[PDB]
Number of protein chains: 4
Amino acid sequence: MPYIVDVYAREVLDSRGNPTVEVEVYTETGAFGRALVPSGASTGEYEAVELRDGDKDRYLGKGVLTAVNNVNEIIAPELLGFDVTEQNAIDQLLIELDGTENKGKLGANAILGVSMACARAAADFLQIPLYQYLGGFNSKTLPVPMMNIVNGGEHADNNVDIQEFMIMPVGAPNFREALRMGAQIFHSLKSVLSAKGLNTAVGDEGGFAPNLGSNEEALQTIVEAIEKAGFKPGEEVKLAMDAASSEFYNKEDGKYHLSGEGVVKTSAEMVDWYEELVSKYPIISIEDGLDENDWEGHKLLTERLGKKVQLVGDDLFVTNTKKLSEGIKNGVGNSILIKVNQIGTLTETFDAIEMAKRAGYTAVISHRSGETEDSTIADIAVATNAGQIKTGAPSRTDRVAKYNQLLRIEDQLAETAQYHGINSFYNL
Amino acid sequence: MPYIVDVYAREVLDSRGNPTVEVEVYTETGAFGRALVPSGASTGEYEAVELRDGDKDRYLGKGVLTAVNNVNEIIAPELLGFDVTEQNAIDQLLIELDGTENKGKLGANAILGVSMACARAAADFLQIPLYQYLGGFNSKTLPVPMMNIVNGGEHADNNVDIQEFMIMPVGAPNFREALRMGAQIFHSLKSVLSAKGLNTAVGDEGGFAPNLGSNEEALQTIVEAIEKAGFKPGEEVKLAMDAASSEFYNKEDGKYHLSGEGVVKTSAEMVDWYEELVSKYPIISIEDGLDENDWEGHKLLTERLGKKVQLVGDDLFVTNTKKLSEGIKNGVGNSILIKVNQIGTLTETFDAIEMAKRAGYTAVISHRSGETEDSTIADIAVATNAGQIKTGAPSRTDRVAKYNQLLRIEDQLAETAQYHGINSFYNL
Amino acid sequence: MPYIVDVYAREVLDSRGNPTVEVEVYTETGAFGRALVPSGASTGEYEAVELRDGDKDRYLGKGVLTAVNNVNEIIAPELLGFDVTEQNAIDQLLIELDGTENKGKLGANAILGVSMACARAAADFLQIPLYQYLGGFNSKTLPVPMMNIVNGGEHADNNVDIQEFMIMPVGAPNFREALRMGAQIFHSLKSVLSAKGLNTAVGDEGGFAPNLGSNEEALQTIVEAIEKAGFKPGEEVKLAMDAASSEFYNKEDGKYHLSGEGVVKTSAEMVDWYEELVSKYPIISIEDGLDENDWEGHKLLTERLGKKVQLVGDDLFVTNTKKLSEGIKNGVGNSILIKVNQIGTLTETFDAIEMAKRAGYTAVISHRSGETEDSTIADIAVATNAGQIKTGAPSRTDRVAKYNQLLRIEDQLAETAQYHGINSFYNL
Amino acid sequence: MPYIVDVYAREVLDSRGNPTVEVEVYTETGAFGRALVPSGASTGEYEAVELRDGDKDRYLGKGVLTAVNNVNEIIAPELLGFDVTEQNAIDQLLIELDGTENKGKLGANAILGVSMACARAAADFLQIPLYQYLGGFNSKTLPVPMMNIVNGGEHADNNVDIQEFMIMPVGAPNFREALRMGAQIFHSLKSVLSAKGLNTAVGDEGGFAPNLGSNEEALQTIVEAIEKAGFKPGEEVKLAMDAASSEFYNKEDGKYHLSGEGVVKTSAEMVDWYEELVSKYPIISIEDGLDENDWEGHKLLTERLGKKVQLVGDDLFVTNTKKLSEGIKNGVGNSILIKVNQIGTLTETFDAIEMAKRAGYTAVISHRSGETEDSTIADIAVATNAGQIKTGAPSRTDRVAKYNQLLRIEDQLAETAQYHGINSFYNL
């Protein structure tokens, strides 16, 4: 009944028209889970690697037939007859089967697919909500969403260096209202851009990449969008940024080259820069403010800004517990971006989140550029009472599907639902 | 056990960040269906009316709280105890409850949500695939995808008059390859646009709206994109257009005013235009080539081109059987765009498709601008062996969720799955 | 089936021959949970109040007939029909029914009994282990046991001021060996005491209260016992103390009066004392080292020792989140003793543990003086991966019933079971 | 469904911090029984022997790994597929498997573990109370408890020769009230001892071992405790003693050396002594009043005291039917102490009890020094309508767990429950 009778993969498509892995797990009694894997990286020295076929004459090298094959022909035979609820034991088996640090034999994408599909089949088998299967009875807290809204750096063709600007509706009483606020501000910003005669088409995360003149103009416009939606910047809505500073960091001279602003800064000057930005604009969180190897720099930024501003490691930590414990230990950051497919199992994902919490770090549950109709991360956010989530603009179903799943979960929790707004930032 | 114990609506969000209706249905035994409604029009003198709240201070007047209440407080009580497999009866009861021609009392969004939730719950109760529940044992033919790739007219800010340009992979052996072909052509097109220094952010349907100089610069660029993707334009890939000619049609003088083409043409000239467009480019299909009321021109259009070119009525028929029949009787068009939420029930949807078939017309199952993670239309297309579907670029999950469902359907069908390619056009 | 058909209380007896509450819960389908409540305090201005009958002629005023009636005649009728897996909702309903801050109307004993019986019935309904029902899939870490071994202060009639001395087997590879180490050290200690011609009858918690001459004669004797048991003091076994310093704290003069030590010290000197005690003996943890209101001294204590020594608040926080948070904000302590019956519901218990974790504080799951055959706290400790537990000497089934449950839990966990030893102290 | 699919043992801990056997039995349909074995003897010429590992470097030689191994690797394979309800057939198989008189190959502790776990699984499988599975429909009589209260001889360090003094609340209307009486007298005695400045810590059975001056002082103090609890010595509460006279018997000179009283007595003088004690104090029962081999002596004691006082053989009979039939036949004693683990199967235990009854002897169901959270003996007492039970002071859960189980059983029997007080002594 809980025993697995079938594990099955197929190739499907992600939100950007690229192949990805989908996995189905069935028990003897017909309990069913289906999971789809978001896009990752096939290389990267500290993260689980996704396996791609590399056949240039098929999906531009991005096929995942090998990965699908791995699930059907290597992983499946080992799982037949396993108790679908032994999540930890399943994850250890997957890790062992592969036998490498970065899951590069079977593929991070094969492994996560199975890891998630079993969890979903288990929750279906026990007939309980996924967030509750994952988290136990006390999973009840809806996250504050970091909603992508304006794009820069490598994600645009404009004069903005910051890669992303986001809004966080911290002043909402519940998640349902949080979402309406995000959505209204999004439609407000669209009208503001359209008035300036700027492009309002969208990128991967459902946000805009208009041709703004500078970082601060981007910030000013967003604040304007908020006011015109009828909300208060600061009190009701904070900003969040992903600087992706590795992208303008020069490894050669150890400095930051802001083409947008037309200046070159040291790590120390970057910290002065952020401090100024934060005093002018209601920014509550800054992601990858300094290069991924600028350990000395991150230490200074955290010392300077760590108690009034969330400091999120993305490329810094790469969802890697060795990196995380190094930051914790060296007073680096106070928050980690959690990408399930960058670590490769639900078990390892939950251990990572636990380590973050215990150090007083927030764990922000994250989308990837290539997403799918899967909403598992919404359930993960609630299972761990994480408090924050980053899954994009309130546009494109690859993003909005998560938001919808959070509405479902909040509705289902009814009067037990919580939403902590500004107080979700326990790191502050 | 097949009897309905609960019908439940909630407000969720579509792929454009606008609210829409989600409906859930349960039987006594726990059979379950969930449906989401795509974005229809609140007016339009001939199409079923979507009910919007119109509250200026909530979602910019686009809330669906009234429709959601209608489901929960009016429809639900009338459905408890109903055998969930009585789709026809259920649809009749919904229509009768509303009491109006255009479904404006309860809302077409409320009604369709219930109509689809019931069918999805029924397939679940019987434990058969939805396409099979909908169409019986012989549901087996995958649709040729009409994939949006470039936008103009009201859908863009360029010098292009045609509203949308689509590719149709008529030369693929199965849907899976059809889909790969579309994806590879889409990435090729993007590479090309990027080369010309044009914008590659996407619109509502997942396609590009670059600043192209002309209707034919658009067509030429798509041909080039196809060619560079490694496929034969004409033989393996055809083009389809949605002229949306209503937009540039001048009421006062009954002539057509193309800002982009920089001329003005009579109806007879439009046909001359299409004719020449068809002679220069591998265009297999044209949608709304003339005004949604210029019936006489449509009749000339069909006379001139109906034998070798598919002529689709979207705004012309409005998924309305009474309008379709007048089309059929007057020799107008050879194809109809089928929008479930434009009519309001699965029953009426299926009756329009049947009508179309008996007249030698193709029925193209269509998305809306605002979509969801819902993938019912993919099942509807296979259920009816329609042979064609229009659900977007292969980018954005609101579109790709439908393609993925078709992959699952094809995969389940196995050796019995069909794909007719160019032979899908039995109207030609 | 998950719906509750019966909630039933009876009066039973605790390990000290005092009445307490037993609650049973059944679902329609026969899912069953039974819980027994440990001994709390009838007053205490900040802790949930246990309801005692106070009848002079029945059990010396310690009957719980009123609480039992409250369960059977007030709570039960409100719970029939409730989905037994709605722990949060159930806990909320209990709290609301009582209507008071300190649970003094229905009784914390009545409320907790129902709260735990429901969770135990729920795990039974779903047929999953209780720790898993409580904590979700990732519940897997066995606690390092803090085992009572020698008593003083109000808990003895000797010249010892410290209320209790405990051993912690930090050097064991798993819980089973941890437990063996504690047992062997306990028999060794007994052999030693017996050699000195001292008494070896046990107290409420299963430990010895021999007539020792001094705080340090106690510590030295434990070290000797460890040494003679074949283990390394410091490396493999640490010591923990419950100072219960409130007891010898002189209100009138705000100084501390140690009858046994034969001196009187200021707060600054207490810290000096602990500091020196820590320098001479392998003490890893101190509980209630200063008065339950001498917040300022606690703050000095934490300043002086918090970095390398665990500082537990028992009477200081009273398992009260509002008190814990003031501790956290004021840099007071790095650990909290968690007593389920001091707060009154599993929901509130779990929220206090979560709060503690996010601040880098350890949460020690604790017994009461009066225990039962009930072993829920062992499941709670694993459910939360707390890393530590305080449930007594390895003698007396009221204590050993919890150790045995941990052995069963470890055994069930198999290869996925963890034990972190000295690394359990993430607060250090 | 009733067939055994799994028999499983593990090492757990008893109430004194010593290893013991725990056994779990599962049927094909999930019926479940868990039994824990109380401490026994690994040697003794007429009793089943418990198997201990004797590894001096592990639990001081008291491990039971061999015994656990015997269950898992030798006993389990033979029981798979057995009808769990064939108690007699299971017990015969266990006895045969071992093949020795005293169960010393497999261990008395392995065998009893299985024997009891099957019975519990069988009662669970049939969904009936254990006492009812064991005893049939007419099991309804709650026993009078012999509650340990004051300790002497080898169980103390005082001037008392008698090993134990107990109270029996014969005047209570039911068991629930019996227990409250015991408990109040226990708390009363504690205050009395505390007033004399005597130690009130507890030993193995939960009773006190204060430094009293003589046997008769012990008796006088207990009578005082009773009066001060507000009950009548004699009418409402009788005393019971376990002399354990083998402990002061000198095999060499055939006499009894009462160091406490500072006198030496012949068997005949011991009988005069008891007679005097009984005429001064409301003693109703005397256990092992003479040495285990003093057959001639026991005959005289029984002749003298057998019709007004219960005379219990413990070491005399050692739960051995050959010893019992020898006593019955030679007019020795009128009562036998029944220890399940000293005989080794439920079948043999019930046959022993039957033989006692048929001879007009009472069978007193007994605890051991090392106990556990197991309460099977409470159910045995009720299954056989034994009328008396000896499981310790109303303190320590190792004892109180039995008392609690008796409350549960009495509550469940409701109006069919009986309690015979003084009339339980059918031997008198």
Side-chain angles (χ1 to χ4, degrees), chain C residues 15 179-180 182-184 186-187 190-191 200-202 206-207 373 392-404 407, chain D residues 9-23 34-44 47-54 58-68 103 107-113 116 148 151 154-155 163-164 202-207 209 242 244 314-315 318-319 337-344 365-378 380 389-393 395-403:
Chain C
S15 56
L179 170 58
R180 177 169 71 79
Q184 295 188 4
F186 175 97
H187 300 118
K190 176 184 173 182
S191 192
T200 53
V202 305
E373 48 274 46
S395 87
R396 294 180 74 102
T397 293
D398 34 285
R399 316 306 132 168
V400 173
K402 277 73 159 183
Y403 295 135
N404 289 340
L407 293 180
Chain D
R10 61 166 62 89
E11 195 184 51
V12 295
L13 229 52
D14 71 17
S15 61
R16 311 160 80 197
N18 295 309
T20 193
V21 181
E22 174 174 299
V23 169
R34 172 185 293 139
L36 291 71
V37 182
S39 74
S42 41
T43 73
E47 53 199 300
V49 286
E50 65 174 17
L51 187 54
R52 303 273 173 181
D53 299 337
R58 191 174 181 284
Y59 278 113
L60 312 185
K62 285 150 179 174
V64 293
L65 296 175
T66 309
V68 166
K103 302 182 176 55
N109 47 352
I111 291 157
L112 186 59
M116 303 204 292
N148 172 279
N151 296 273
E154 294 298 292
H155 290 179
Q163 193 165 275
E164 318 170 30
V202 307
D204 297 348
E205 313 88 337
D242 176 5
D314 174 33
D315 291 331
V318 77
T319 322
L337 194 71
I338 303 286
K339 301 167 179 190
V340 281
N341 83 129
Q342 197 167 51
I343 191 68
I365 317 306
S366 181
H367 60 1
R368 306 299 306 264
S369 293
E371 279 292 337
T372 73
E373 52 273 38
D374 191 280
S375 62
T376 297
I377 68 184
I380 294 174
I389 185 166
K390 187 180 96 174
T391 21
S395 104
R396 300 174 69 108
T397 294
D398 30 293
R399 317 302 138 169
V400 173
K402 282 61 161 181
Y403 295 138

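Excluded from the calculations below are hydrogen atoms, water molecules and symmetry mates; all remaining heavy atoms, backbone and side chain alike, are included. In what follows, chains carry the letters A, B, and so on, assigned in the order in which the sequence lines appear, proteins first and then strands, with residues in each chain numbered from 1.
Side-chain N or O atoms of D:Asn109 include one that pairs as donor or acceptor with a backbone N or O of D:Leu51 at under 3.5 Å. Not a single donor-acceptor pair under 3.5 Å links the side chain of C:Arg399 to the backbone N or O of C:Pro394. No donor-acceptor pair closer than 3.5 Å links the side chain of D:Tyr403 to the backbone N or O of D:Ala393. Between the side chain of D:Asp53 and the backbone N or O of D:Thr66 there is at least one donor-acceptor pair closer than 3.5 Å. Using modelled atom types, one side-chain atom of C:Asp398 and one backbone atom of D:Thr397 make a donor-acceptor pair closer than 3.5 Å. Between the side chain of D:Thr319 and the backbone N or O of D:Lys339 there is at least one donor-acceptor pair closer than 3.5 Å. Judged by distance alone, with hydrogens and angles left aside, the side-chain atoms of D:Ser395 form a donor-acceptor pair with the main-chain N or O of D:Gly206 at under 3.5 Å. At distances below 3.5 Å, at least one donor-acceptor pair connects side-chain atoms of D:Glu50 with backbone N or O atoms of D:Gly40.
Going from atom CZ of D:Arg34 over to atom CE of D:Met116 covers 13.0 Å, rounded to the nearest 0.5 Å. In this structure, D:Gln163 CD and D:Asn148 CG are separated by 9.5 Å, a value rounded to the nearest 0.5 Å. Within the model, atoms OG1 of D:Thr391 and CD of D:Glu205 stand 11.5 Å from one another, a figure rounded to the nearest 0.5 Å. Note that CD of D:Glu373 is 8.5 Å distant from NZ of D:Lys402, once rounded to the nearest 0.5 Å. Atom CD1 in D:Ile380 sits 10.0 Å away from atom CD1 in D:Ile338 (nearest 0.5 Å). How far CZ of C:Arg180 is from CG of C:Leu407: 12.5 Å, rounded to the nearest 0.5 Å.
In this structure, the side chains of D:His367 and D:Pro38 stay at 4.5 Å or more apart for every pair of heavy atoms. Counting heavy atoms from C-beta on, the side chains of D:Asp242 and D:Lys390 come closer than 4.5 Å.
D:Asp14 meets the salt bridge (charged side-chain N to carboxylate O under 4.0 Å, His left out) test with no other residue; sequence neighbours excluded.
No side-chain donor-acceptor contact under 3.5 Å links C:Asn404 and D:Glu22. A donor-acceptor contact closer than 3.5 angstrom is absent between the side chains of D:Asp374 and D:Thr372.
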Would you sort out whether C:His187 and D:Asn18 count as a side-chain contact (heavy atoms from CB on, under 4.5 Å), showing the intermediate values? CA-CA 9 Å; C:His187 300 118; D:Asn18 295 309; 3.6 Å; yes
Test side-chain contact (heavy atoms from CB on, under 4.5 Å) on D:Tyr59 and D:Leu65 and set out the steps. CA-CA 11 Å; D:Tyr59 278 113; D:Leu65 296 175; over 6 Å; no
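Here the shortest heavy-atom pairing between D:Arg52 and D:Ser42 reads CG-CB, 4.4 Å. Residues C:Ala183 and D:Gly17 share a closest heavy-atom pair of CB-O, 3.9 Å. Heavy-atom minimum distance, D:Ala48 versus D:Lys103: CB-CD, 4.3 Å. Counting all heavy atoms, side chain and backbone alike, D:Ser366 lies closest to D:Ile377 at O-CD1, 3.7 Å. Of all the heavy atoms in D:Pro19 and D:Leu13, the pair that sits closest is N-CD1, 3.7 Å. Of all heavy-atom pairs between D:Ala67 and D:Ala110, the closest is O-CB, 3.7 Å.
Of the charged side-chain nitrogens involved, none lies within less than 4.0 Å of a carboxylate oxygen, so that D:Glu371 and D:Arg396 do not count as a salt-bridged pair.
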